[PDB]
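I have placed the structure first, in the form of structure tokens, so that the comments after it can refer back to it.
Keep in mind that the numbers below use all heavy atoms, side chains included, and drop hydrogens, waters and symmetry copies. The residues of the chain are indexed from 1 along the displayed sequence. Atoms within each ligand, like the ligands themselves, are counted from 1 in listed order.
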Amino acid sequence: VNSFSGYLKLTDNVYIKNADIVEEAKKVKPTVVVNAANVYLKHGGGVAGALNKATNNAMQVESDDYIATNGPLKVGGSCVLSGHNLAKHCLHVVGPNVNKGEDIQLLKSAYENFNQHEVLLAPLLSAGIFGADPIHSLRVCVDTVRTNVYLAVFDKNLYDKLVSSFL
Ligand SMILES: Cc1noc(CNC(=O)c2cccc(C(=O)O)c2)n1
């Protein structure tokens with residue numbers, strides 16, 4: 001048993017809820033929250049901007065030090081950093097950005113990072129301002145992630161469409 005509440009069960013291991021991931025992280029304080037990162041860990045907008053704002057910019061300060069030491073992530077890659085006030089850890093995962101022309105096949109590689117963690121609170125990778133079809137992102141998630149993933153979908157209209165179209 002874990003502390004996640006109000007989720008619809010899609011599969012053995014994937015759960016979904018209409019929720020603000022920031023508000024969900026603050027309530028649950030999960031072991032791992034996933035950020036929809038870019039390779040520079042520049043948390044300007046979307047999920048990343050919202051998570052970073054909720055940390056009072058401490059996520060961005062830590063991220064800048066990480067990039068200064070290690071250089072950029074790979075598209076499809078990840079790093080584990082602090083979860084600050086939101087979670088124990090933040091798994092920064094880079095899905096392909098369609099609005100930059102990145103290979104959508106890299107979305108499966110992105111979701112494979114989740115398998116290194118037993119339980120995660122996450123957004124749909126490459127959705128929102130990353131430009132991919134969220135229905136596709138949910139299908140890749142279900143077909144790739146084997147660990148227990150709690151998906152937060154901000155937009156109520158999209159949530160209802162994801163549930164009602166789920167195979
Ligand atoms: C802190 C703070 N500052 O502004 C906001 C408003 N919340 C969002 O922007 C938001 C939340 C969850 C997911 C997404 C997304 O883009 O999928 C976006 N929270």
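One finds the CE atom of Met59 at 14.0 Å from the NZ atom of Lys53 (value rounded to the nearest 0.5 Å). Distance NZ/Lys17 to CG/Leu151: 12.5 Å, rounded to 0.5 Å.
In the displayed structure, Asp12 atom CG is contacted under 6.0 Å by at most 12 heavy atoms of other residues, nucleotides or ligands.
A parallel orientation is assigned to the rings of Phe4 and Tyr150, their planes being inclined by less than 30° (bins at 30° and 60°).
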One line per pair, note the atom names and distance for all nitrogen or oxygen contacts under 3.5 Å between ligand 1 and the protein.
{"from": "ligand 1", "atom 1": "16 (O)", "to": "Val47", "atom 2": "N", "distance (Å)": "3.4"}

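Taking every heavy atom of both residues into account, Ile129 and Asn99 meet most closely at O-ND2, 2.8 Å. Between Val22 and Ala54, the shortest heavy-atom contact is CG1-CB, 3.5 Å.
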